[PDB]
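What follows is a set of notes on a single structure, which appears directly below.
No value in this document is a laboratory result; all are computed from the given coordinates. Cβ: placed from backbone, ideal geometry, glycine included. Neighbour counts: every protein chain shown.
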Ligand SMILES: *[C@@H]1O[C@H](CO)[C@@H](O)[C@H](O)[C@H]1NC(C)=O
Ligand SMILES: *[C@@H]1O[C@H](CO)[C@@H](O)[C@H](O)[C@H]1NC(C)=O
Ligand SMILES: *[C@@H]1O[C@H](CO)[C@@H](O)[C@H](O)[C@H]1NC(C)=O
């Protein structure tokens with residue numbers, strides 16, 4: 001059901017926020033989120049001091065981008081068109097059959 | 001396909017800090033993270049627990065102490 005898929009999504013989000021990538025490769029290992037993003041900067045070749053010195057700015061940028069995502073989806077419903085396309089196609093087929 | 005993989009086990013919790021404040025300078029681990037067993041601070045690799053004394057070889061300074069959030073006071077050995 002939609003609620004069960006929502007619970008899977010919530011579990012994935014909680015694991016990513018609280019444990020980083022540890023929960024995917026084994027037991028979930030607790031870690032502060034700034035240290036997780038420090039590892040993630042270290043992966044892309046940027047030292048963790050860049051995150052720690054610019055923590056507030058990065059948090060503000062992430063919050064602004066996340067807030068803008070909802071407006072971006074709302075302004076253009078065509079972003080979901082692919083999903084809608086699927087539904088439309090199925091309906092069309094059945095209608096043709098009838 | 002027989003996939004041989006490494007799975008962590010026997011987890012233990014520790015107190016961690018982003019950086020160590022020594023003589024007016026922040027210190028970040030070159031590889032690994034800073035952990036505490038209750039009274040002493042060590043540096044360990046992320047995926048396995050082998051604590052080591054925080055020295056200048058495994059740390060780089062790169063900054064000052066006031067800007068970093070969560071910094072803690074400890075000695076960095078030379
Ligand atoms: C680790 O977990 C235990 C649970 O028994 C808790 O008492 C302790 O405060 C936690 N943190 C540390 C640093 O031991
Ligand atoms: C932490 O480790 C040190 C070893 O450097 C030891 O002397 C100390 O007793 C340990 N503390 C605890 C609470 O286990
Ligand atoms: C310990 O850290 C605090 C940060 O709140 C700092 O004000 C203080 O100077 C540090 N200790 C020493 C001996 O410098």
If you average the C-alpha positions of region A:43-81 and of region B:60-76 separately, how far apart do those two centres end up, in angstrom?
27
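Per Stokes-Einstein, at 4 °C and 1.567 mPa s, what whole-number D in µm² s⁻¹ belongs to the protein assembly as shown, with the Kirkwood radius over Cα pairs as the hydrodynamic radius? Could you put the intermediate results ahead of the total?
Numbers: Rh = 19.8 Å.
D = 65 µm²/s.
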Quote the relative contact order of chain B in percent (integer), defining contacts as alpha-carbon pairs under 8 Å separated by 6+ residues.
34
Longest principal axis of chain A (C-alpha) makes with the long axis of helix A:55-75 (C-alpha) an angle, in degrees to the nearest 10, of 10
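Restricting to Cα atoms and excluding each atom paired with itself, what does the Kirkwood estimate give for chain B in Å? Present the calculation step by step, with values, prior to reporting the outcome.
Numbers: mean 1/r = 0.0739 Å⁻¹.
Computed over chain B, the radius equals 13.5 Å.
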For chain B, share of DSSP beta bridges that run antiparallel, in % to the nearest 5:
80
Under the definition of Cα pairs under 8 Å and six or more residues apart, what whole-number percent is the relative contact order of chain A?
11
Mind checking the angle between helix A:33-43 and chain A's longest principal axis? C-alpha axes, 0 to 90 degrees, to the nearest 10.
90
Which residue, A:70, A:84, A:48, tops the fluctuation ranking in a GNM of chain A built on C-alpha contacts under 10 Å?
A:84
Residue with peak Gaussian network fluctuation, chain A [Cα springs, cutoff 10 Å], from A:22, A:47, A:76
A:76
Sequence of A:35, A:4 once ranked by neighbouring C-beta atoms within 10 Å, starting from the fewest
A:4, A:35
Compare A:26, A:43, A:15 in a GNM of chain A, Cα atoms joined below 10 Å, and give the one with the largest fluctuation.
A:26
Relative to the longest principal axis of chain A, what angle (0 to 90°, nearest 10) does the C-alpha long axis of helix A:2-19 take?
10
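What does the average come to when, for each residue of peptide A:24-35, you count the partner chain Cβ atoms lying within 10 Å of its Cβ?
Numbers: counts 0, 5, 7, 5, 1, 5, 4, 3, 4, 0, 3, 7.
Counting Cβ atoms of other protein chains within 10 Å of each residue's Cβ and averaging gives 4.
Quick one: order A:53, B:31 by neighbouring beta-carbon count within 10 Å, fewest to most. Intermediate values should be presented prior to the final figure.
Working: A:53 19, B:31 10.
Placing the least packed residue first, the sequence is B:31, A:53.
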Taking only the alpha carbons of chain A, what extent do you get along each of the three principal axes, in Å, biggest first?
64, 34, 24
